[PDB]
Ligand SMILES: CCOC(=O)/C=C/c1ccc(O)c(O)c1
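Taking the form solved without the named molecule, here's one chain by itself in structure tokens.
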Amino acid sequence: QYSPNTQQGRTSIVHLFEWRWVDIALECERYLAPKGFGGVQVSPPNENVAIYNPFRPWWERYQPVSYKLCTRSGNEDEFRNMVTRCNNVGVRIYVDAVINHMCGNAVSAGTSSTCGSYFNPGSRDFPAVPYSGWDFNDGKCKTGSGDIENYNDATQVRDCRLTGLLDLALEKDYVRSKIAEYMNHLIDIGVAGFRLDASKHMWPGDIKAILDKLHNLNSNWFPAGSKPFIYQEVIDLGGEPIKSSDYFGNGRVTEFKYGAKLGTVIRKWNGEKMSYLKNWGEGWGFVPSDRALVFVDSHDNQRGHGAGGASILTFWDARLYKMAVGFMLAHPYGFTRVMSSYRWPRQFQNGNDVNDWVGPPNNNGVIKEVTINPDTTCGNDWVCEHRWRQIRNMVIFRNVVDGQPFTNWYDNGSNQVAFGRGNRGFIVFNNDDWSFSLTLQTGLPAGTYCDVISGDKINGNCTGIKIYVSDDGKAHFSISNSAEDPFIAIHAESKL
């Protein structure tokens, strides 16, 4: 469960949020594989409700109608083509598995689904699966509204409807089998693992029963006995009866405290300062590193739809965001997930964004293709943070230093810190309102290194800042609080 099943040497996955299958296939071949990315988290590949009011929101994909691989991202043929091509180039595919529920109980019956499948939420009828009233938790939930009302009651959190979403009776073998059937179809197609959506809303034991029904990975691409990588979306910020540790037996869990705390520290909110990150990791009350799936922001909380709130850093806060992602990718804690989003017209009214529902770039509901500009950035409103030099290079930094211990820490008692990863990498940050100019012990072998944040190493030369490491392993670093990116990173492979 716990192993990503990524090709050796690749240490991160990227969430290509709302991308079309054909675009992801191309991205695997033209960018992801060459750049060392380990895999891609795709949006739900199963048929969902087509919601027109609001107009095709991103969240309509979290309201299943059937398990037919037919969505705005493409059909099954296109999906299989994507998995095959990505696998052939060593980039894994992780499917966002929405198995906790079906669509909203209030959704109108009809064929307003991404594949034309008929469904009647009112009568609990989903013939395309098929599911009926006996397959839901309506009779098991004890709240007056039928929805989840109190998170202090671990039971209703699991048996009731999350914001109205029809709750599947996961204790039933029939339902467990229909879900496993769907997941095995994908595993045999070639996917390497799954993001279990709303895992907090499922009993650890029900999830385990489903996983036990899963096949080993497709033997045409994976070694015998390979089990699917599982990461469970459990929002545990403490203070609730449900703990993410209860899910350790099924696989990894998303550590949402990670992004929220890194956000307040980097924003320097209420006394926080980077010097405190000296013992970042379990030392901050996070889950064990070998069970953690970490990230700075996710599709959910980058738009206020998840835990983290205001402290969360997103592409909107470019400068601080790159620094946050940089720290995450350099630090040994957890398995890292990189976000890749699209721009939407944020409309803040009384502190909140009224356009947080806006779906991906589209033409009359048809998702726009991801166009690559000559500078390698994306068009059609796709942000493509994974293509930002500072981020992409830190993705490589992680691959390069994989295995190396956290060493040579330094901090000025405020917001200027630095540390290395064995003798394969070193990173320095300046988040103070004054310049940083100091000679530090890097632990790297003497030589000239290209700073991978400001530039790239391009055949015996750096296009950006260069750092000179002496025989001592010492090197001078100068970072002005006015720098575009107030941090420097060098590693064994950016060595001239």
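Start at 1 with the first residue shown and count on from there.
Mean C-alpha B-factor is higher over 403-411 than over the other stretch, the pair under comparison being 379-387 and 403-411. Remark: stretch with higher mean C-alpha B factor among 169-177 and 95-103 is 169-177. Looking at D153, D290, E233, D206, the one whose CA carries the top B-factor in the deposited record is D153.
Highest CA B-factor among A475, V14, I488, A25, as stated in the entry: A475.
Per the PDB record, residue ranking by Cα B-factor puts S454 in the middle third of the chain. When the modelled residues of the chain are ordered by C-alpha B-factor, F436 sits in the highest third. Placement of the Cα temperature factor of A50 within the chain: middle third of the modelled residues, per the deposited record. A310 sits in the highest third of its chain by CA B factor, as recorded in the PDB entry. In this PDB entry, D246 carries a Cα temperature factor that places it within the lowest third of its chain's modelled residues.
There is another form of this protein, the form deposited with the named molecule bound, and it is not shown here; the text below is about that form.
Of the candidate stretches 286-294, 397-405, 179-187, 417-425, only 286-294 contains residues with a heavy atom within 4.5 Å of the named molecule in the deposited bound form. Of the listed positions (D236, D138, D411, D153), a single one reaches within 4.5 angstroms of the named molecule by any non-hydrogen atom in the deposited bound form, namely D236. Within 4.5 Å of any heavy atom of the named molecule in the deposited bound form lies no heavy atom of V338. At a distance threshold of 4.5 angstroms between non-hydrogen atoms, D23 is in contact with the named molecule in the deposited bound form. In the deposited bound form, no heavy atom of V95 sits within 4.5 Å of the named molecule. Residue contact with the named molecule in the deposited bound form: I372 places a heavy atom within 4.5 Å of it.
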